[PDB]
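Take a look at this single chain in structure tokens; it is the form solved without the ligand.
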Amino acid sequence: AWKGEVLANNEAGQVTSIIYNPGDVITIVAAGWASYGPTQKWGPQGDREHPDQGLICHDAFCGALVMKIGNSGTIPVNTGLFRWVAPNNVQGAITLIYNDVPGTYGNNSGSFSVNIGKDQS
């Protein structure tokens, strides 16, 4: 049961209190409005119209919510995950990150409100 925020302009991400363990089943709901530069704002799925220019997650759009579990590569979160189990050999603290190009977070604004819970297993 973690609840908190993820700033668009935070390159390092938001480390949550959720340690993902082998067999854990998780739910995530992400909401909100944030920008990677422009005056317009996008939701947790990001901007489907914008080209990939070196995103930390190539499998999500610019401005999408992504995560790392432990020492994993980025995993798309987008609007959330429903009763979700990680690939085998993936474990450790969940960090939530705004999908942008490394070095380009200065002009980002807004944030995502995210809830994460462990489910019956």
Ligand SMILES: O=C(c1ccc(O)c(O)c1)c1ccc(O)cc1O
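Take the two forms, find the largest set of C-alpha atoms that superpose within 1.5 Å, and that set is the rigid core. Note that residue numbering follows the sequence shown and begins at 1.
In 9 other deposited structures of this protein, superposed by the rigid core, the C-alpha atoms of 85-93 lie farther from the shown form than the other of 85-93 and 23-31. If you average the C-alpha B-factors over 95-103 and over 10-18, the higher value belongs to 10-18.
When the mean C-alpha temperature factors of 1-9 and 112-120 are read from the deposited coordinates, 1-9 comes out higher. Ranking 89, 78, 53, 27 by Cα temperature factor from the entry places 53 first. Note on the listed residues 32, 63, 37, 70: the highest Cα temperature factor in the record is that of 37.
Same protein, other form: the form deposited with the ligand bound, not shown, and the subject of what follows.
Proximity of residue 84 to the ligand in the deposited complex: non-hydrogen atoms within 4.5 Å are present. Looking at residue 90, you'd find a heavy atom of it within 4.5 angstroms of the ligand in the deposited complex.
Although the partner is absent here, residue 72 sits close enough that one of its heavy atoms falls within 4.5 Å of the ligand in the deposited complex.
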